[PDB]
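Right, one structure below, let's go through it.
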Amino acid sequence: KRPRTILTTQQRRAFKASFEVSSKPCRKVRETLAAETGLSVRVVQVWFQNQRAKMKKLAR
DNA sequence: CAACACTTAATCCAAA
DNA sequence: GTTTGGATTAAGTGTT
């Protein structure tokens, strides 16, 4: 395994913000989010994946 | 169709 | 001695 991630507020601010606009960001966006936050692209993809399921279950 | 790309639902697993 | 979410795995779908 690889070590798991922890986020700056400024970084989470960034992710939470972009999710406000598309729940399903395309790759060229994910790419920008990586550069912005200094993170890997995969992390971006899974954070969106995880916050998506979080919401589908609340609306049950 | 070949050849990859991406989602979804469920789960593992460690940090909080 | 519970709650939160990040990462992983095995099902799907979608794009080109």
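When we count neighbours, we look across all protein chains shown, and the Cβ atoms used for this are built from the backbone with ideal geometry, even at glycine. Each value in this text was obtained by applying a stated rule to the coordinates, not by laboratory testing.
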Please name all residue pairs, on different chains or six or more residues apart, with Cβ atoms under 7 Å, provided the first residue is in region A:3-16 and is without any contact (Cβ under 8 Å) to a residue 40 or more places away in the chain and the second residue is charged (D, E, K, R). A:14/A:36
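How about region A:25-58: which of its residues are part of a loop (DSSP other than H, G, I, E, B) and away from DNA strand B (no atom under 11 Å from the Cβ)? Show your work before the answer.
Here is the first cut: in region A:25-58, the ones part of a loop (DSSP other than H, G, I, E, B) are A:25-26, A:38-40.
Answer for region A:25-58, where residues must be part of a loop (DSSP other than H, G, I, E, B) and away from DNA strand B (no atom under 11 Å from the Cβ): A:38, A:39, A:40.
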What are the pairs with Cβ atoms under 9 angstrom where one residue, in region A:33-56, is over 18 Å from residue A:13 (Cβ atoms) and the other, located anywhere, is charged (D, E, K, R) and surrounded by 12 or more Cβ atoms within 10 Å (Cβ to Cβ)? Sequence gap at least six, or different chains. A:41/A:30; A:41/A:31; A:45/A:30
Anything in region A:3-33 that is exposed (fewer than 13 other Cβ atoms within 10 Å of the Cβ) and among the aliphatic types (A, V, I, L, M)? List them, or say none. A:6, A:17, A:21
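Quick one: is residue A:49 exposed (fewer than 12 other Cβ atoms within 10 Å of the Cβ), under 11 Å from the mean Cα position of the chain (by Cα) and closer than 19 Å to residue A:4 by Cα?
Numbers: exposed (fewer than 12 other Cβ atoms within 10 Å of the Cβ): yes; under 11 Å from the mean Cα position of the chain (by Cα): yes; closer than 19 Å to residue A:4 by Cα: yes.
Spelling it out, residue A:49 is indeed exposed (fewer than 12 other Cβ atoms within 10 Å of the Cβ), under 11 Å from the mean Cα position of the chain (by Cα) and closer than 19 Å to residue A:4 by Cα.
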